[PDB]
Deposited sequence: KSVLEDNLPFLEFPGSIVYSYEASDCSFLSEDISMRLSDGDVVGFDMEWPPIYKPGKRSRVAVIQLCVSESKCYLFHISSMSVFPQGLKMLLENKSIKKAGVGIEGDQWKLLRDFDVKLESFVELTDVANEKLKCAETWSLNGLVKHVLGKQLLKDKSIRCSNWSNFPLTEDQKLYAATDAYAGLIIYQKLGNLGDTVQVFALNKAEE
């Protein structure tokens, strides 16, 4: 029985482009070169493909932002600038795939991403094929809620449910906590 990892801070939910751009600029304002944010994205599971519905940025243990882009008619210019900002690192798992997807879907280029599974392999001196949950268990001694019910829910539905918010926030939070753990190991 491993404890469940859960984002304990305030979840900021933004589903309008202007609001999102303002918040993103605020984030860029408070950070400087070298800083990192936890990062992840969600999207719903015949011929058409599913585009990114939510982008999560966890800046600290007390605050995580959920940007519901599927509810926005235009991709937030401020969010685009933050993501393409090479000064701010974005830590996640399978984050290169996220980069490709953002480019394909919105021509937004994620800069300075940090693939935590690579950092883990090099730090822990191993060659494993990880999963975010496996990384959480091994690195944090915690466990992640990963039931299809929420993980594969319809992320493009407005509004996001309370369970959807905590799950999406917790995933970006794990990225932030894992990054700090591995980056400051002794």
Response to the item:
Residues of the deposited sequence that never got C-alpha coordinates are 1-6, 52-54, 196-208
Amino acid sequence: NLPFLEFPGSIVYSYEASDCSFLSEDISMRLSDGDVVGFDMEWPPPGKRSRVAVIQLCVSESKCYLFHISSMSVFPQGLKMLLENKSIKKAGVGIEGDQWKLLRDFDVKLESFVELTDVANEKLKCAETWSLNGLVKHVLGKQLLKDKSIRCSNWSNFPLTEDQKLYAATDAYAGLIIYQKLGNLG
From here on, numbers count along this sequence of modelled residues.
Discussion item. I need to verify one thing: averaged over C-alpha atoms only, is the B-factor higher for 33-41 or for 140-148?
Written reply: 140-148
Item to complete: Compare the mean C-alpha B-factor of 78-86 with that of 102-110 as given in the PDB entry, and name the stretch with the higher value.
Response: 102-110
Fill in: Largest Cα B-factor, entry values, listed residues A120, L57, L132, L160
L132
Worksheet, complete the sentence: So, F4's CA B-factor, relative to its chain, sits in which third? The highest
Worksheet item: Which third of the chain does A53 land in by C-alpha B-factor: lowest, middle or highest?
Response: lowest
Worksheet item: Based on the entry's values, in what third of the chain does the Cα temperature factor of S70 lie: lowest, middle or highest?
Response: lowest
